[PDB]
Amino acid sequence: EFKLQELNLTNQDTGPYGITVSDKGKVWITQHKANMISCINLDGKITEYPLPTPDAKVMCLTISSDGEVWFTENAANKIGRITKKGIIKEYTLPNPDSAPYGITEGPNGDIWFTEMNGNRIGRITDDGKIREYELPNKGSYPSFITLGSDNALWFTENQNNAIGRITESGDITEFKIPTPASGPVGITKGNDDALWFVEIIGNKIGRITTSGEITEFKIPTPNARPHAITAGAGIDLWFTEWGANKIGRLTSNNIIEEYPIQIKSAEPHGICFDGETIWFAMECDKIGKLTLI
């Protein structure tokens, strides 16, 4: 069993999507229809940051170690940044229609991101300089990206049916997933030091060690359409089932439990865990807060 609370956001049908939480306790969400980033503090103050570029399709975000928020503008071909001063800088990608998507901090503190349509991994510095690494197979659709325990970046190749690894020097290794045409999407680092990902078509959670060894676990609800995944406490992983309106949990003897979301077309997207609470973005201008026990 489990407890759920909600946070209302609603300037209208804003398309809440990506979510993260500061160690300050602040939650940040992107809102792709409203074209904005919102943060809510624990005392409930909300700040909405309209993007300078209209119809930018803001997708994913991350908080860097120095506290700034970085994000991808999927339709506007840009990486954005909200500085500590609350000012937004954007940086335009060198090739057009790159469709940046996933975003994460790397081992030396640069910001790394996938280009879905550009078929590249990007890298940007403090000072806005961009470096990019072309993927070997065309039409790979690199999607989510995370830092692995090996201090390499790991990402899903949604249409090449593989997990890629890229080191700080740009060396790429692709591990083919054993479930054909499985559609990997979310990936994250587990506390077991492997990477864990979701297969949207496969209806599986996957695990890949930093040496490339892949195991899979069948999600009980058919057509669950999992999307994002995050580590929990211990060896727990938590994931969103957009298709089934549930929150999934991999706990433990690699059992998958599911917790149905009491509400309507929640269509959960992003997910984050803060040591006690599972936070997730929901389509209907809300954020969910889930807790066990």
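Counting begins at 1, following the sequence as shown.
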* Mean C-alpha B factor from the entry: is it higher for 70-78 or for 195-203? -> 70-78
* To do: Name the higher of the two by mean Cα B-factor in the PDB entry, 16-24 versus 267-275.
  => 16-24
* If you check the C-alpha B-factor for each of 30, 252, 245, 62 in the entry, which is highest? -> 30
* Asked: From 46, 256, 228, 233, can you pick the one with the highest C-alpha B factor in the entry?
  -> 46
* To do: Please rank the C-alpha B-factors of the chain's modelled residues and tell me whether residue 130 sits in the lowest, middle or highest third.
  => middle
* Asked: Among the chain's modelled residues, which third holds the C-alpha B-factor of residue 84?
  -> highest
* Would you mind checking where the Cα B-factor of residue 155 ranks among the modelled residues of its chain, as the lowest, middle or highest third? => lowest
* Considering only modelled residues of the same chain, in which third does the CA B-factor of residue 91 rank: lowest, middle or highest? -> highest
* For residue 168, return the chain-relative third of its C-alpha B-factor as stated in the PDB record: lowest, middle or highest. => middle
